[PDB]
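Here is the structure we will look at.
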Amino acid sequence: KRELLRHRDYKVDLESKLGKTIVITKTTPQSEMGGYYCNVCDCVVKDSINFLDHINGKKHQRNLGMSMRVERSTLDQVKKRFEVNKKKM
RNA sequence: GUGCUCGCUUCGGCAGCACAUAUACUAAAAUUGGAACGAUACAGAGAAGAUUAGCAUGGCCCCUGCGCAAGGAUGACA
């Protein structure tokens, strides 16, 4: 039982820690280590684009109970999305 | 199905007759798994002897001292 893949509604904080230096000792955990950390995956990745590859990967989405299948939206959903933005602006 | 029986029988039909004789990895679809030497991260002298300083031992030749063994020549009246 795997749910369908859902588009992330939150922006990714790839740029958040530019210039912010991290002093790394032996006792420091992977959470505060340099780079990007998948709290769901418990893995460290040291690129923004490689972290994006991770959070777009089969294993990361599997750990979230997802799959590599995207919902097939219908006519009314797209039309109502159009009307929703028309109302919002 | 086509055509034919001097058949029943009517052109509405029926019974029999000649030919037709055994296709398919068969598949459209089902699903969950395991996965780089590709990137970034680290290191990166990515080919050398893996050394040189003394003293003592060992070999050869003298010199000196002590010991052992066997010896050579010489010296001393009252």
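We number chain A the same way Swiss-Prot does; the residues here are 45-133, in that order.
According to its header, this structure was worked out by electron microscopy, 3.1 Å.
Cβ atoms are placed via backbone N, Cα and C, with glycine included.
What Swiss-Prot says about this one:
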type	residues	note
CROSSLNK	A:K45	SUMO2 cross-link
CROSSLNK	A:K55	SUMO2 cross-link
CROSSLNK	A:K61	SUMO2 cross-link
CROSSLNK	A:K64	SUMO2 cross-link
CROSSLNK	A:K70	SUMO2 cross-link
CROSSLNK	A:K102	SUMO2 cross-link
CROSSLNK	A:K123	SUMO2 cross-link
ZN_FING	A:80-104	zinc finger
Original post:
By CA distance, which of the recorded sites (A:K61, A:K64, A:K70) lies nearest to A:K102 (SUMO2 cross-link)?
Top reply: A:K61
Subject >> For the zinc finger (A:80-104), the number of residues DSSP places in helix, strand and coil >> reply: 11 helix, 6 strand, 8 coil
Original post:
Taking the Cβ of A:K64 (SUMO2 cross-link) as the centre, how many other Cβ atoms fall within a 10 Å radius?
Top reply: 7
**OP:** Work out how many Å separate A:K123 (SUMO2 cross-link) and A:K45 (SUMO2 cross-link) at their Cα atoms, rounded off.
**Re:** 31
Subject >> Distance [Cα-Cα, Å, rounded] between A:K70 (SUMO2 cross-link) and A:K64 (SUMO2 cross-link) >> reply: 19
Original post:
Among the recorded sites A:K55, A:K61, A:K70, A:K123, whose Cβ has the fewest other Cβ atoms within 10 Å?
Top reply: A:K70
